[PDB]
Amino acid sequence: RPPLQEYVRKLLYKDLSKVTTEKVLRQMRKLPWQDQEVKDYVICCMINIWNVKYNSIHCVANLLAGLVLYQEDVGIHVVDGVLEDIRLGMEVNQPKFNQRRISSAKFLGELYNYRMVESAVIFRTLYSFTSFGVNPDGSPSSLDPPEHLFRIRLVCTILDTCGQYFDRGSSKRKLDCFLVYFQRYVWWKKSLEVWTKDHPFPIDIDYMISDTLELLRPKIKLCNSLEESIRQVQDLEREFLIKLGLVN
C-alpha cells in the first residue's frame, strides 16, 4: 500500500480525536494537494466515514471546516460524495451496510453542525428518507418492502444529531412540517398486513420515534392511529393550498 495512502488513513482513522484535532489539521494542510491522486484519496477516505469511531465522526466535520479555508474544493466534493452515498444506500438497501449508512447520516448531521452545509441540505435528505421509492398510498415497494423499517432509523439518526438547532424561526416551521409527514409515514408502516397479534410491530422502533420526537418537541401530539396522522397531513395541505392560490 503506497506511503501517502497509509499516511492519510493513519491521520483520519487512527490519530484523529477531540484532543489531536489541531495537529491533524496542520498535517493535512501540508499534503501535496496538487497531486490529484492524493486529493482524490483523502476525499474518498472522508466519504468512507464508517472507518471512524462513531463518537469521533464530529472531529472529521470539524477538521473539514478548518481545511476548507485552504482547500475549499475538497469540502464540496466530500459533501457531494456523502449525499450520493446516502441515496445509493437506499437503492442497495442490504442489511450488511446498516452500520455504514448510519455513519453516513450522522456525518451529514455533523456537517450541518460545523457549518459545511445549510439546513436545506438536511431537510432535502429527511424528506428523501420518507418519500424516495415510497408509494404515495403507503403500499410496499421494491426499495421499501414491508418489514424494512430502516428509514425510521435514518430519520431518527439525523434528528438526534442536529435536530436541536431547528427550534426557532423558519427552521422551526420546517421541522414541524416534516414531522407531520414523518408520523404518516410511520402509520403507513404500522398499518401493513404483516403486523398482527402473533407478529407485532417492533416496540423498540416505537420507542425510538417517541424518544426522538419528545426530545425535540416536549408538547408534541404523537398520533395514535393512521386516521389521525392522515388528518394532520390534510389540515397541513389545506394551509399550503391557500398559500399557493390554486383555488382562491
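Heads up: residue numbers just count along the shown sequence, starting at 1.
Novice: Read off the CA B-factors in the entry, average them over 75 to 83 and over 174 to 182, and name the higher stretch.
Specialist: Mean CA B-factor is higher for 75 to 83.
Novice: Mean CA B-factor: is it higher for 162 to 170 or for 120 to 128?
Specialist: For C-alpha atoms only, the mean B-factor is higher in 162 to 170.
Novice: Would you please rank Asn51 by its C-alpha temperature factor against the other modelled residues of its chain and give the third it falls in: lowest, middle or highest?
Specialist: Its C-alpha B-factor, which the entry lists for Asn51, ranks in the middle third among residues of this chain.
Novice: Among the modelled residues of this chain, does the Cα B factor of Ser191 put it in the lowest, middle or highest third?
Specialist: Tercile = lowest for this residue's CA B-factor.
Novice: When the modelled residues of the chain are sorted by Cα temperature factor, does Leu16 land in the lowest, middle or highest third?
Specialist: Highest third, going by the recorded CA B-factors of the chain.
Novice: Split into thirds by Cα B-factor across the chain's modelled residues, where does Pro202 land: lowest, middle or highest?
Specialist: It belongs to the middle third of the chain when residues are ordered by C-alpha B-factor.
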